[PDB]
Amino acid sequence: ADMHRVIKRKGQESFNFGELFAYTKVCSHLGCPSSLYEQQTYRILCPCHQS
Amino acid sequence: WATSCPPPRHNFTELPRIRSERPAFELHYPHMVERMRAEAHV
Amino acid sequence: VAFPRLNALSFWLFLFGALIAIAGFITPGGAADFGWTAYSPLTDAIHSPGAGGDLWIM
Amino acid sequence: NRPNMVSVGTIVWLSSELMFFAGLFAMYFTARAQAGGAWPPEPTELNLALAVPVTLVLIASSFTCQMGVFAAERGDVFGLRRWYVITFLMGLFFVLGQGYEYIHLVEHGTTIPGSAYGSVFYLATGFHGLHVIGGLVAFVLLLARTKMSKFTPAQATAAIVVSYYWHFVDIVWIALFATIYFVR
Amino acid sequence: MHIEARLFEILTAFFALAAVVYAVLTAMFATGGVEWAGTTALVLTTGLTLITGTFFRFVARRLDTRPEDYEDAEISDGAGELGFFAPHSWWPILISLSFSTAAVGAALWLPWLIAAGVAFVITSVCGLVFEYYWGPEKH
Amino acid sequence: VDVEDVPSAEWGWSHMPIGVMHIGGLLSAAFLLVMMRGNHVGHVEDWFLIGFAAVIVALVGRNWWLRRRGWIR
Amino acid sequence: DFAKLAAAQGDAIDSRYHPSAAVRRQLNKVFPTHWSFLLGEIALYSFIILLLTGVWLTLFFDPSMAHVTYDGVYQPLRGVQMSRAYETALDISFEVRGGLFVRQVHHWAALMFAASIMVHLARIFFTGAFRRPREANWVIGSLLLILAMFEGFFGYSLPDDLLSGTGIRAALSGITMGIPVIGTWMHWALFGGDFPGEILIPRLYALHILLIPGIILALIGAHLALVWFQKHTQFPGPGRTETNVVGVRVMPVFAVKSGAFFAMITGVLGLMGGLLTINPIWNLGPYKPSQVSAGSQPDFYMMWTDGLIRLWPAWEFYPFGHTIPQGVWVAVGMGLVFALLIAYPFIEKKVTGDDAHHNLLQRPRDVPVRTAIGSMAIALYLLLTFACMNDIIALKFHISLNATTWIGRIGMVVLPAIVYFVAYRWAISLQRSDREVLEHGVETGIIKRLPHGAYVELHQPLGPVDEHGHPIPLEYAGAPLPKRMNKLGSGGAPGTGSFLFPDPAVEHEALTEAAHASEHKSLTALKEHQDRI
Amino acid sequence: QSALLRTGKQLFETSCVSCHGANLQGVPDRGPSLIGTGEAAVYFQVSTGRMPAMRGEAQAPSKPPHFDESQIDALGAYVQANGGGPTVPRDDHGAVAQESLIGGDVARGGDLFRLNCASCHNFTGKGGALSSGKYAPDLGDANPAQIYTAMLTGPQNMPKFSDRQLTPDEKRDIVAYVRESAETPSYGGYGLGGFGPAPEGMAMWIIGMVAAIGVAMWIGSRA
Amino acid sequence: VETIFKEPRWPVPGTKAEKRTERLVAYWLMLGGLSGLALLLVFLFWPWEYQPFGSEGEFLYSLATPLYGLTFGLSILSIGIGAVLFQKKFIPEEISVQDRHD
Ligand SMILES: CCCCCCCCCCCCCCCC(=O)OC[C@H]1O[C@H](O[C@@H]2[C@H](O)[C@@H](O)[C@H](O)[C@@H](O[C@H]3O[C@H](CO)[C@@H](O)[C@H](O)[C@@H]3O)[C@@H]2OP(=O)(O)OC[C@@H](COC(=O)CCCCCCCC[C@H](C)CCCCCCCC)OC(=O)CCCCCCCCCCCCCCC)[C@@H](O)[C@@H](O)[C@@H]1O
Ligand SMILES: CC(C)=CCC/C(C)=C/CC/C(C)=C/CC/C(C)=C/CC/C(C)=C\CC/C(C)=C/CC/C(C)=C/CC/C(C)=C/CC/C(C)=C/CC1=C(C)C(=O)c2ccccc2C1=O
Ligand SMILES: CC(C)=CCC/C(C)=C/CC/C(C)=C/CC/C(C)=C\CC/C(C)=C\CC/C(C)=C/CC/C(C)=C\CC/C(C)=C\CC/C(C)=C/CC1=C(C)C(=O)c2ccccc2C1=O
Ligand code: HEC
Ligand code: HEM
Ligand code: HEM
Ligand SMILES: CCCCCCCCCCCCCC(=O)O[C@H](COC(=O)CCCCCCCCCCC)COP(=O)(O)O
Ligand code: FES
């Protein structure tokens, strides 16, 4: 039901298998594992510096 | 109203005689002491 | 006054008590939303589970 | 002569404290009227084999506290310390006695969330127990002040007003003890 | 201080009459019998004035006419030292902060914060009580 | 500063130039405003920055005007 | 017997080394007895406890990153793959009698060591002890504070746990690799490869047990030697000048006081190590790059470093195919703080222009600008430290996490400004409070009603009095002025005796006369000495 | 049992229709649809006391349960009858399974907790703060069935852990670590909340430094 | 170095207060020795081995480390308290002035 709100990045439009998305667990800021994925808000939170 | 504005730290450098509910009025207007007593009751 | 120290204690106790109740606004749930008469069992944990109501009481 | 300002302030505040216990009494009486026949209900089983000796100790603490007042008015600081230390020890026994009774009541199924009777019983007696604990702190603080300076009439006044709070606490317990363990 | 005690006795009589009348008026007319939460407050409201009124009665009968209790008293009659009044103290603000710390802990139900607040309150209250009694340092 | 303003004027460092505090105030508001350039999507924080920057600017301007008119020194 | 032996050994030592003039010159040295002067001893005592407990820990710790399978007594970790560093760390706390107690005391000792330096730094800064001729003494101490933080940071990274491994991965790796031009060269050189490598823990272990503590001990020795030979500053007071020290000699008052203070510090650290759980590594688990936790804060002395990372905005620059991450801001800002802290006395002497010899300390209220600046720095440090703990504060205190970040972000500049204004007014306000006592005496708190109705408060003059009741105003001398009548002895004495029974009246009067006579000549001796000089 | 379904709808009509509607379709901007949620979602949401909610905020917090165990089963059955979904595990007697859900291999559960659960919560499961206003609650009061249902259903912001992603054996091992770590006493003294350096530093400054400074003023002198 | 003030703490001999103060210092030292002896006994005979969750001996093991710090901490702390009291009640009070020559 939320698939219509997905915005694709240039060069990565076909990187998903339907409704399955694969994102790196390493935070781009300092390398901490950012695995606080909220299912409803679709927000991935890094517990080290709150990204 | 019988002390300065603003009052000192201890609120009073002097104290007048208290004989009614209006000591300041009695102090500032001594000539009205007799009138208030006589005209108090209608 | 009769108790100069206790008179000053009332001011600060009141000021910090008032700030605690108002401090419920910064909470995500919000401050108290049940009215100043805080009727029961609306003010109950089941019907008022947020910390804003708890800060209002204390 | 002169009215004791500290005594007047303590007595006036003590009367206000009585209204605080009025709310606690209201909760107990309101729940009692809704019991329907069982007050206290099962499995709560109050025993007088422990409450009575603990209550008598608190009552006896008032007599020793009053003895210290006589020493305080006489100017005998050492006599004041002796009687207040004894009062503190027996006052401490009341807290330990009440705490011991709490453990057995909890183990038998009488808890604050377990029953409505548990709520009115624990908050009414527990808040009084907090007052006893607060009174014990007052005893220690006053006794510590006696070794700081010479025994002055102001120092003796502080001893008297502390005993006023202790007498008020003991009187409140008598009302609570009679209401709970006798008026069932 | 005859008038001071008379004020509380006047309130005592009215509170006692209201508590007795309202208790006896709800026992036979209110639905459910006696209004308990409501009556208990009225009965102990009388006790608030009774305790203060009785103490003021005993105090009045001990001391004679004070300069402020004399209809025609002179200002010079009250000359002399009144007592001790604290000139300054930062302890009261610390007591309020200590009490507020425990209240926040109680509101959010933080056992560690409640314990810290209670310890802070005792420490702050100790400073207030001992402020004008600490002796000079012995080195 | 002199004795009547700071009683312990000769006992230590007691004077700070007003230019440093006035310029620092402007830089304080400038730092608040530039922080709106970020990855946050919400604007509630943006209005808080604007309000604080405006308050700081108003205080700095009020002090500078009072100092210029001679009301305060 | 014993008396003969004392002289026998005493002559034997003197006949060989003649240590008579040197020792007597060390047993006659005078140190002031101010309470704040014992703050630096707490840091010294904590370091000694760290040395003793650290040596014990080195006999059971294996600093290796080689993965092994756990077969110890801890059931919740049987079979879990972990490094030898985490393998022996569990062995110390579980397989060695008293190892957990020693481990907990060592970690608490480190926290006391870091906290004592900060408190001791505050006294040096606010009292002006860093001035001439102690500019280099401040610089040496500043390096000790920097070394202590990094030494402790390498301390809890040794067990190789998931909590500190996450801190290592962020702080030690991501910031280092984010440095411009030569950022990945340092990371590659320090880690011996990519994170986590196989040499980080042994290198950290060596730097933490031999190199950094060796430098700290050398710096402490120079610091203590400089304090001992360049003399100790004293607060202004009766008999206190700028060419003499007032206090007690070393033997025996200072030696007993210093030795007793060491025992009580050890007891406080010993009690806390055996009453509060610190760093429960077994509950933390071995470090894995695929695992993380909320609340990954470092130790309190390093929280301000992590708080700066959280608060600083996402400001990166991408110049011509390159990248400058948000870690460069923290790395540069961290060095700026250390540079400002080390070079503060020179900055102060350049701005104020005061380059004179100073031996008497300044009360913090007498220097409002430095007190305000120090209060501003303390407020900024506290805000940075609490910003690192924002997530736990958000969870416990029911605050939005976005709110906590923005409160610290806006408060990072607003709060230091507010604290500076309050501290500046507070310091100047304290000076006015002292001026009131000088020109009016100590307020006794007794209110007296005059026959005409005037209400006046009895004042106790601190000096000579003029024609009528009002005294002549005294001059401020930089010393604290009494404000409580109880501190002047107006409260008397409760009475000689036990807490429950009184002593005989003759004994009480003799003791109170002896005490009253002792204070009469103790004060007179200072006045006689002060008048002479 | 037709009595159970009718009783559950009878509770729903007076408790849940305000935000979920009469036919469980969900009221827009007030509450989602309950179709397909299953009995496990209702059981967890009611036993934990989370539902019925009272207002819209970042998260509805936990509170004392509004319905007793009998009423939760009726409420769950009514929702289960509409759209199906996961069901709460039960023992032989038909009651909610509590003891049988404890796994026998805690070491596997600890690693699974660290990989999948200790991100939002902490290692000892004390909780954590989410993005904006939201926060992960403490796990020290949840019974094993509540943890199992939370894993099955995925409350407000919690990735749903299906029986395929996490097998019942893995789920049983996960709750074993959660239940064990809650009641294991701290070995080095007081646990200090089990949060890490943050309480350790605060306790240090308020105990060790207060005692050290207070001792110093006792030994030292003023002025 | 010049000592401008030097007097004995108890100029008047044969006083009950002096004997009471002597016992107070001794009591703290005796407490430290008793706690140190307790540390020796606790470290040698108290059950220290780790016990798994749900075991009978888990509670006793949970107090092993806490008892180590309680006995060790109270022992040296009591000795330090007695040493401070001895200096403040028996070591003569002195004030010494030393020329800086800096
Ligand atoms: C000279 C000075 C030097 C010496 C100083 C050192 C003194 C240290 C004092 C303490 C020493 C204790 C030693 C024994 C330790 C022990 O054997 O302990 C057992 C267990 O007990 C706790 O289990 C609770 C339950 O039993 C469990 O059932 C429950 O599950 C669990 O709950 C957790 O787990 C759940 C999931 O399971 C979660 O759901 C839940 O949320 C939570 O996480 C509970 O734990 P928790 O709530 O942590 O605390 C609860 C505490 C309540 O707090 C406290 O004591 C707080 C007080 C001390 C803490 C340290 C100080 C901190 C400072 C403040 C933070 C200040 C901050 C203010 C800010 C101001 C400024 C800021 C701007 O009640 C108690 O113990 C009651 C005991 C009271 C003791 C009072 C001390 C006596 C002093 C008397 C002195 C007399 C001397 C006079 C001489 C003359 C946990 O610890 C367990 O791990 C631990 O295993
Ligand atoms: C930079 C940053 C993160 C700041 C933003 C967040 C923020 C605004 C902070 C304050 C949070 C608060 C206090 C919110 C609740 C509402 C409220 C009452 C606040 C304002 C009220 C007000 C203005 C006045 C009332 C009176 C007053 C001024 C006093 C307040 C008293 C209190 C309780 C203050 C402390 C607040 C605070 C931030 C301190 C946290 C202390 C820390 C870091 C401890 C961490 C800690 C934890 C987390 C444990 O679990 C634990 C477990 C066992 C033992 C110890 C601990 C322990 O110490
Ligand atoms: C069981 C277990 C597994 C735990 C781990 C092991 C562990 C942590 C054990 C530690 C045990 C320790 C270290 C014990 C401490 C014992 C101790 C400190 C003293 C015992 C004696 C006592 C308690 C008091 C009464 C006895 C007595 C005679 C007292 C004083 C003794 C005398 C005359 C001299 C002091 C000797 C001493 C032991 C103290 C050291 C103090 C030192 C070295 C400081 C000197 C010093 C100071 C303090 C400065 O301020 C200074 C300022 C500027 C420049 C230089 C200096 C400087 O060098
Ligand atoms: C962040 C996305 C989380 C992850 C990862 C895990 N949990 Fe969670 N949990 C999270 C939230 C936001 C909530 C509350 C939601 C609400 O509507 O209130 C929870 C709640 C729980 C509970 C309930 C505890 C109680 O109510 O007493 C349990 C038992 C629980 N979660 C367990 C759990 C497990 C086993 C996890 C790993 C598989 C796990 N959680 C991960 C957020 C997040
Ligand atoms: C490991 C770190 C440190 C240790 C062991 C330590 C220890 C000591 C000790 C024991 C003293 C003796 C007098 C006193 O305690 O006041 C002292 C004095 C001093 N310290 Fe520190 N301290 C440390 C950190 C610092 C820091 C961070 C600074 C400055 C930023 C500093 C600067 C000074 C100065 C200037 C003095 C002399 C003060 C005076 O003579 O009055 N030290 N230190
Ligand atoms: C200023 C000096 C020191 C500081 C601040 C310091 C700090 C620390 C800290 C905080 C830890 C973490 C302990 C834990 O997590 O349980 C640690 C561990 C350790 N320290 Fe130190 N330390 C210092 C000196 C020393 C010395 C001198 C030695 C050796 C002689 C040493 C050896 C060790 C060892 C081996 C460990 C790991 C043991 C373990 O974690 O179980 N340290 N240090
Ligand atoms: C392994 C053995 C370790 C021995 C450690 C020292 C024990 C003996 C102490 C010697 C003190 C002699 C005092 C005395 O009165 O004898 C005196 C011997 O002559 C001396 O003064 C020698 C001076 C050397 C003393 C300096 C050495 C360091 C002492 C530090 C003490 C803290 C006797 O003097 P007299 O004849 O009574 O006038
Ligand atoms: S490490 Fe992921 S937010 Fe800084």
# chains A, B, ... in the order shown; residues from 1 in each chain; ligands from 1
$ residues_near_ligand --ligand "ligand 6" --cutoff "6 Å" --atoms "only C-alpha atoms and all ligand atoms" --output "ChimeraX atom specification"
/G:47,50-51,54-55,57-58,61,89,103-104,107,110,148,151-152,155-156,158-159,209,213,279
$ write_last_selection --atoms "N, CA, C and O atoms" --output "compact mmCIF listing (two decimals), in the first residue's frame"
# COMPACT_ATOMS: atom_id res chain seq x y z
N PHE G 47 45.66 7.61 40.42
CA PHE G 47 46.65 7.06 39.50
C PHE G 47 47.42 5.92 40.15
O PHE G 47 47.71 4.90 39.49
N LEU G 50 45.31 2.96 40.15
CA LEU G 50 45.30 2.43 38.79
C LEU G 50 46.56 1.63 38.49
O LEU G 50 46.51 0.59 37.82
N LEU G 51 47.71 2.10 38.98
CA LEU G 51 48.96 1.37 38.78
C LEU G 51 48.92 0.01 39.47
O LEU G 51 49.34 -1.00 38.89
N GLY G 54 46.15 -2.12 37.78
CA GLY G 54 46.51 -2.40 36.40
C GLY G 54 47.55 -3.50 36.28
O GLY G 54 47.49 -4.32 35.36
N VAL G 55 48.52 -3.53 37.20
CA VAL G 55 49.53 -4.58 37.19
C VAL G 55 48.88 -5.94 37.40
O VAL G 55 49.24 -6.93 36.75
N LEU G 57 45.84 -6.84 36.59
CA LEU G 57 45.07 -7.24 35.42
C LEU G 57 45.95 -7.76 34.30
O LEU G 57 45.51 -8.59 33.50
N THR G 58 47.20 -7.28 34.21
CA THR G 58 48.10 -7.72 33.14
C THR G 58 48.53 -9.17 33.29
O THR G 58 49.06 -9.73 32.33
N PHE G 61 45.31 -11.09 31.30
CA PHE G 61 44.72 -10.58 30.07
C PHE G 61 45.56 -11.00 28.87
O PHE G 61 46.78 -10.85 28.88
N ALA G 89 38.98 -11.58 29.19
CA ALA G 89 38.24 -10.58 29.96
C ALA G 89 37.12 -11.24 30.76
O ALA G 89 36.86 -10.86 31.91
N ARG G 103 38.75 -5.70 38.61
CA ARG G 103 38.35 -5.07 37.36
C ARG G 103 37.42 -3.89 37.60
O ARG G 103 37.54 -2.85 36.96
N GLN G 104 36.48 -4.05 38.53
CA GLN G 104 35.53 -2.97 38.81
C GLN G 104 36.22 -1.81 39.53
O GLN G 104 35.94 -0.64 39.22
N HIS G 107 38.24 0.19 36.94
CA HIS G 107 37.43 1.06 36.09
C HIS G 107 36.89 2.25 36.87
O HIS G 107 36.84 3.37 36.35
N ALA G 110 39.70 4.74 37.31
CA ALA G 110 39.89 5.57 36.12
C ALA G 110 38.90 6.72 36.08
O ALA G 110 39.25 7.84 35.71
N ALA G 148 45.22 11.46 29.86
CA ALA G 148 44.35 10.63 30.68
C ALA G 148 43.12 10.17 29.91
O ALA G 148 42.70 9.01 30.01
N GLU G 151 44.20 7.52 27.35
CA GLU G 151 44.56 6.31 28.08
C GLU G 151 43.33 5.55 28.54
O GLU G 151 43.25 4.33 28.38
N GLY G 152 42.35 6.25 29.11
CA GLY G 152 41.12 5.59 29.52
C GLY G 152 40.32 5.08 28.34
O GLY G 152 39.70 4.02 28.42
N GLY G 155 41.52 2.06 27.44
CA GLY G 155 41.36 1.10 28.53
C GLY G 155 40.19 0.16 28.32
O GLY G 155 40.35 -1.06 28.38
N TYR G 156 39.00 0.71 28.09
CA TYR G 156 37.82 -0.13 27.93
C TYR G 156 37.66 -0.69 26.53
O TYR G 156 36.74 -1.49 26.29
N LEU G 158 40.13 -2.48 25.29
CA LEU G 158 40.89 -3.73 25.35
C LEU G 158 40.01 -4.98 25.44
O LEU G 158 40.31 -5.94 24.72
N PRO G 159 38.96 -5.04 26.27
CA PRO G 159 38.19 -6.29 26.36
C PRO G 159 37.55 -6.72 25.04
O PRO G 159 37.11 -7.87 24.95
N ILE G 209 49.38 0.06 28.44
CA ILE G 209 50.00 -0.47 29.64
C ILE G 209 51.43 0.04 29.81
O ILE G 209 51.95 0.08 30.93
N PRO G 213 50.88 5.37 29.99
CA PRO G 213 51.12 5.50 31.44
C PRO G 213 52.56 5.87 31.77
O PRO G 213 52.79 6.55 32.77
N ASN G 279 30.72 -1.62 33.83
CA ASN G 279 31.12 -2.30 32.60
C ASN G 279 30.85 -3.80 32.68
O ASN G 279 31.79 -4.60 32.75
$ residues_near_ligand --ligand "ligand 5" --cutoff "7 Å" --atoms "only C-alpha atoms and all ligand atoms" --output "ChimeraX atom specification"
/G:36-41,43-44,117-118,120-121,124,129-130,134,137-142,144-145,148,216,220,223-224,227,231-234
$ write_last_selection --atoms "N, CA and C atoms" --output "short mmCIF file (atom, residue, chain, number, x, y, z; two decimals), in the first residue's frame"
data_model
loop_
_atom_site.label_atom_id
_atom_site.label_comp_id
_atom_site.auth_asym_id
_atom_site.auth_seq_id
_atom_site.Cartn_x
_atom_site.Cartn_y
_atom_site.Cartn_z
N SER G 36 40.68 23.06 49.18
CA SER G 36 40.78 22.92 47.73
C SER G 36 42.16 22.47 47.28
N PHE G 37 43.17 22.56 48.14
CA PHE G 37 44.51 22.15 47.78
C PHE G 37 44.70 20.64 47.84
N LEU G 38 43.71 19.90 48.35
CA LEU G 38 43.74 18.45 48.34
C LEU G 38 43.08 17.86 47.10
N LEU G 39 42.54 18.69 46.22
CA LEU G 39 41.88 18.18 45.02
C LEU G 39 42.87 17.48 44.10
N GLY G 40 44.08 18.03 43.96
CA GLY G 40 45.09 17.41 43.12
C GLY G 40 45.62 16.10 43.67
N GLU G 41 45.53 15.90 44.99
CA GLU G 41 45.96 14.63 45.57
C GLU G 41 45.03 13.49 45.19
N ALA G 43 43.57 13.00 42.29
CA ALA G 43 44.03 12.51 41.00
C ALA G 43 45.31 11.70 41.15
N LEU G 44 46.24 12.17 41.99
CA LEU G 44 47.47 11.42 42.22
C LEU G 44 47.19 10.09 42.89
N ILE G 117 40.80 15.29 37.83
CA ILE G 117 41.55 16.24 37.02
C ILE G 117 40.67 17.42 36.62
N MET G 118 39.43 17.14 36.22
CA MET G 118 38.52 18.21 35.83
C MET G 118 38.23 19.15 36.99
N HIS G 120 40.11 19.51 39.72
CA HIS G 120 41.41 20.15 40.02
C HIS G 120 41.73 21.21 38.97
N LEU G 121 41.38 21.00 37.71
CA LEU G 121 41.57 22.01 36.67
C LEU G 121 40.72 23.25 36.94
N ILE G 124 42.48 25.46 39.57
CA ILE G 124 43.64 26.15 39.00
C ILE G 124 43.19 27.31 38.13
N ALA G 129 45.95 30.15 39.61
CA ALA G 129 47.20 29.48 39.91
C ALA G 129 48.07 29.26 38.69
N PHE G 130 47.53 29.42 37.48
CA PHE G 130 48.28 29.22 36.25
C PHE G 130 49.18 30.39 35.89
N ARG G 134 53.91 30.04 36.91
CA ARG G 134 53.41 28.68 36.75
C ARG G 134 52.74 28.48 35.40
N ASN G 137 53.71 25.07 34.35
CA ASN G 137 53.04 24.12 35.22
C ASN G 137 51.63 23.84 34.74
N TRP G 138 50.93 24.87 34.26
CA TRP G 138 49.61 24.67 33.65
C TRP G 138 49.71 23.85 32.38
N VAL G 139 50.73 24.10 31.56
CA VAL G 139 50.87 23.38 30.29
C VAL G 139 51.10 21.89 30.55
N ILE G 140 51.94 21.56 31.52
CA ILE G 140 52.20 20.16 31.85
C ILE G 140 50.92 19.48 32.33
N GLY G 141 50.16 20.16 33.19
CA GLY G 141 48.90 19.59 33.65
C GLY G 141 47.90 19.40 32.53
N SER G 142 47.86 20.34 31.58
CA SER G 142 46.94 20.22 30.46
C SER G 142 47.23 18.99 29.61
N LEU G 144 48.54 16.29 30.75
CA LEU G 144 48.11 15.15 31.56
C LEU G 144 46.63 14.86 31.37
N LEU G 145 45.81 15.92 31.32
CA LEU G 145 44.38 15.73 31.09
C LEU G 145 44.11 15.10 29.73
N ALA G 148 45.22 11.46 29.86
CA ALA G 148 44.35 10.63 30.68
C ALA G 148 43.12 10.17 29.91
N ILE G 216 52.65 9.54 31.33
CA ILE G 216 51.87 10.18 32.39
C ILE G 216 52.67 10.21 33.68
N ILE G 220 53.72 13.42 35.53
CA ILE G 220 53.31 13.61 36.92
C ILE G 220 54.52 13.90 37.80
N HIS G 223 55.50 17.30 37.18
CA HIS G 223 54.43 18.17 37.74
C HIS G 223 54.59 18.24 39.25
N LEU G 224 54.73 17.11 39.94
CA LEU G 224 54.86 17.14 41.39
C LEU G 224 56.17 17.79 41.82
N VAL G 227 55.69 21.55 41.50
CA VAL G 227 54.86 22.08 42.59
C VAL G 227 55.66 22.11 43.89
N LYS G 231 57.12 25.98 44.93
CA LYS G 231 56.27 26.30 46.11
C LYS G 231 54.79 26.32 45.72
N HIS G 232 53.93 26.34 46.71
CA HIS G 232 52.48 26.27 46.61
C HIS G 232 51.86 27.62 46.94
N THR G 233 50.96 28.09 46.07
CA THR G 233 50.25 29.38 46.26
C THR G 233 49.26 29.25 47.42
N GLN G 234 48.93 30.35 48.07
CA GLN G 234 48.01 30.39 49.24
C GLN G 234 47.04 31.55 49.05
#
$ residues_near_ligand --ligand "ligand 4" --cutoff "7 Å" --atoms "only C-alpha atoms and all ligand atoms" --output "ChimeraX atom specification"
/A:36-38 /H:48,50,59-62,113,116-121,134-142,146-147,150-151,155-159,161,174-175
$ residues_around --residues "residue A:20" --least-positions-apart "4" --cutoff "12 Å" --atoms "only C-alpha atoms" --output "VMD selection string"
chain A and resid 3 6 14 to 16
$ closest_atom_pairs --of "chain H" --to "ligand 1" --cutoff "7 Å" --atoms "only C-alpha atoms and all ligand atoms" --output "JSON lines"
{"residue": "H:126", "atom": "CA", "partner": "ligand 1", "partner_atom_place_in_ligand_line": "43 (O)", "distance": 6.1}
{"residue": "H:138", "atom": "CA", "partner": "ligand 1", "partner_atom_place_in_ligand_line": "39 (O)", "distance": 5.7}
{"residue": "H:139", "atom": "CA", "partner": "ligand 1", "partner_atom_place_in_ligand_line": "39 (O)", "distance": 6.4}
{"residue": "H:140", "atom": "CA", "partner": "ligand 1", "partner_atom_place_in_ligand_line": "36 (C)", "distance": 3.5}
{"residue": "H:141", "atom": "CA", "partner": "ligand 1", "partner_atom_place_in_ligand_line": "39 (O)", "distance": 5.9}
{"residue": "H:182", "atom": "CA", "partner": "ligand 1", "partner_atom_place_in_ligand_line": "37 (O)", "distance": 3.7}
{"residue": "H:183", "atom": "CA", "partner": "ligand 1", "partner_atom_place_in_ligand_line": "37 (O)", "distance": 5.3}
{"residue": "H:185", "atom": "CA", "partner": "ligand 1", "partner_atom_place_in_ligand_line": "97 (O)", "distance": 3.7}
{"residue": "H:186", "atom": "CA", "partner": "ligand 1", "partner_atom_place_in_ligand_line": "97 (O)", "distance": 3.9}
{"residue": "H:187", "atom": "CA", "partner": "ligand 1", "partner_atom_place_in_ligand_line": "97 (O)", "distance": 6.9}
{"residue": "H:189", "atom": "CA", "partner": "ligand 1", "partner_atom_place_in_ligand_line": "15 (C)", "distance": 4.1}
{"residue": "H:190", "atom": "CA", "partner": "ligand 1", "partner_atom_place_in_ligand_line": "15 (C)", "distance": 3.8}
{"residue": "H:191", "atom": "CA", "partner": "ligand 1", "partner_atom_place_in_ligand_line": "95 (O)", "distance": 3.7}
{"residue": "H:192", "atom": "CA", "partner": "ligand 1", "partner_atom_place_in_ligand_line": "48 (O)", "distance": 5.4}
{"residue": "H:193", "atom": "CA", "partner": "ligand 1", "partner_atom_place_in_ligand_line": "48 (O)", "distance": 4.1}
{"residue": "H:194", "atom": "CA", "partner": "ligand 1", "partner_atom_place_in_ligand_line": "43 (O)", "distance": 6.2}
{"residue": "H:199", "atom": "CA", "partner": "ligand 1", "partner_atom_place_in_ligand_line": "65 (C)", "distance": 6.7}
{"residue": "H:202", "atom": "CA", "partner": "ligand 1", "partner_atom_place_in_ligand_line": "65 (C)", "distance": 6.0}
{"residue": "H:203", "atom": "CA", "partner": "ligand 1", "partner_atom_place_in_ligand_line": "62 (C)", "distance": 4.4}
{"residue": "H:206", "atom": "CA", "partner": "ligand 1", "partner_atom_place_in_ligand_line": "63 (C)", "distance": 5.9}
{"residue": "H:207", "atom": "CA", "partner": "ligand 1", "partner_atom_place_in_ligand_line": "5 (C)", "distance": 5.9}
{"residue": "H:208", "atom": "CA", "partner": "ligand 1", "partner_atom_place_in_ligand_line": "3 (C)", "distance": 6.3}
{"residue": "H:211", "atom": "CA", "partner": "ligand 1", "partner_atom_place_in_ligand_line": "2 (C)", "distance": 5.6}
$ closest_residue --among "G:249, G:425, G:4, G:169" --to "ligand 8" --atoms "only C-alpha atoms and all ligand atoms"
G:169
$ closest_residue --among "E:137, E:131, E:71, E:77" --to "chain B" --atoms "only C-alpha atoms"
E:71
$ interface_residues --of "chain C" --to "chain E" --cutoff "8 Å" --atoms "only C-alpha atoms" --output "JSON, numbers by chain"
{"C": [2, 3, 4, 5, 6, 8, 9, 12, 13, 16, 17, 20, 51, 54, 55, 57, 58]}
